[PDB]
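Q: First, the structure itself, so that you have it in front of you.
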Amino acid sequence: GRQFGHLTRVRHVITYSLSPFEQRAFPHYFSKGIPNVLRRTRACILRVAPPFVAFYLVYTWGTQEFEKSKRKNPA
Amino acid sequence: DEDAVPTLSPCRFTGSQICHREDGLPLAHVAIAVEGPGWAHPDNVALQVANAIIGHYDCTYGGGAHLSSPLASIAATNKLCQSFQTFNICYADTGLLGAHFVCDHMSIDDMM
């Protein structure tokens, strides 16, 4: 169990804070928010997306093949 | 006498926090205040009555346990404190009303 006062040594850092009653809960919510999510998407797409597309392609091939395997044409 | 004077514009109070963290320093200083009224205001007197009840303390006072103020008594008994003081600082139409204290790093939460 860790407690405040016993965590670590910090020197020379000033924190400035405002009361929640003095300030906005949703400051510039769309105007700053949607640029940020767009920037976050860009930052991660190339890592996240290409495995799932590679699943989707194996999904769509695999379903198509199995469907087409369960048919004859000569006997 | 002559043209261009200003009178004093009123000063907005903000509920806020400044935290100068410095672990090299042997004791913590905390000051906490709500918005007082001005110099002029009649209820400065009753606020001062109230502040006297909380009082002041210092580690060189006689009376640990027996002091009338419950803050002073508990701060002395439980070693919460090197000092505290109540204050009512007055400006025109605003003030700083509350308390300042000096204590060990493991005593700030209890003192508050």
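Chains as they are written, first to last, in the entry's author numbering: chain G, 1 to 75; chain A, 224 to 335.
Note that the Cβ used here is the ideal one computed from N, Cα and C, for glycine as well.
Can you name, in chain order, every residue of its own chain whose Cβ lies under 7 Å from the Cβ of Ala256 of chain A, other than the five neighbours on each side?
A: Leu319, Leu320 and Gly321
Q: Please name the residue in G:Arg9, G:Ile14, G:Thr41 and G:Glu22 whose C-alpha comes closest to that of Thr237 of chain A.
A: G:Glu22
Q: Are the CB atoms of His328 of chain A and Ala273 of chain A within a distance shorter than 9 Å?
A: no
Q: Residues of chain A with CB under 7 Å from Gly5 of chain G, in chain order?
A: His328 and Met329
Q: Cα separation between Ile241 of chain A and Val10 of chain G?
A: 16 Å
Q: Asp246 of chain A touches chain G at which residues, Cβ-Cβ below 7 Å?
A: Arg9, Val10 and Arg11
Q: Just the Cα atoms here: how many angstroms apart are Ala254 of chain A and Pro50 of chain G?
A: 56 Å
Q: What's the gap between the Cα of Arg24 of chain G and the Cα of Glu65 of chain G?
A: 56 Å
Q: Anything in chain A within Cβ reach of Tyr16 of chain G, meaning under 7 Å, just list it in chain order.
A: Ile241
Q: Could you confirm whether any beta carbon from chain G is found closer than 9 Å to the beta carbon of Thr237 of chain A?
A: yes
Q: List, in chain order, every chain A residue whose beta-carbon is nearer than 9 Å to that of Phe52 of chain G.
A: Those within 9 Å of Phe52 of chain G in chain A number zero; the least Cβ separation is about 44 Å.
Q: For a contact meaning CB atoms closer than 9 Å, what does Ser31 of chain G contact in chain A?
A: Those within 9 Å of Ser31 of chain G in chain A number zero; the least Cβ separation is about 24 Å.
Q: Short check: CB of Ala298 of chain A to CB of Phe307 of chain A, under 9 Å?
A: yes
Q: Taking its Cβ as the centre, do 16 or more other Cβ atoms sit within 10 Å of residue 217 of chain A, making it buried, or is it exposed?
A: Not covered by the structure: residue 217 of chain A. The range shown for chain A is 224 to 335.
Q: Can you pull the chain D residues whose beta carbon is under 7 Å from the beta carbon of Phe21 of chain G, in chain order?
A: Of the protein chains in this structure, namely G and A, none is chain D.
Q: Where do the N-terminal and C-terminal ends of the beta strand (DSSP E) with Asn311 of chain A fall, by residue?
A: It spans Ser306 to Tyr314 - the beta strand (DSSP E) in which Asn311 of chain A sits, taken as one unbroken run.
Q: According to the neighbour-count rule (16 or more other Cβ atoms, all chains shown, within 10 Å of its Cβ), is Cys282 of chain A buried or exposed?
A: The residue is exposed, with fewer than 16 neighbouring Cβ atoms inside 10 Å.
Q: Tell me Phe324 of chain A's beta-bridge partners as DSSP assigns them.
A: A:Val253 and A:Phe307
Q: Here's the rule: buried if 16 or more other CB atoms are within 10 angstroms of the residue's CB, otherwise exposed. What is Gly259 of chain A?
A: buried
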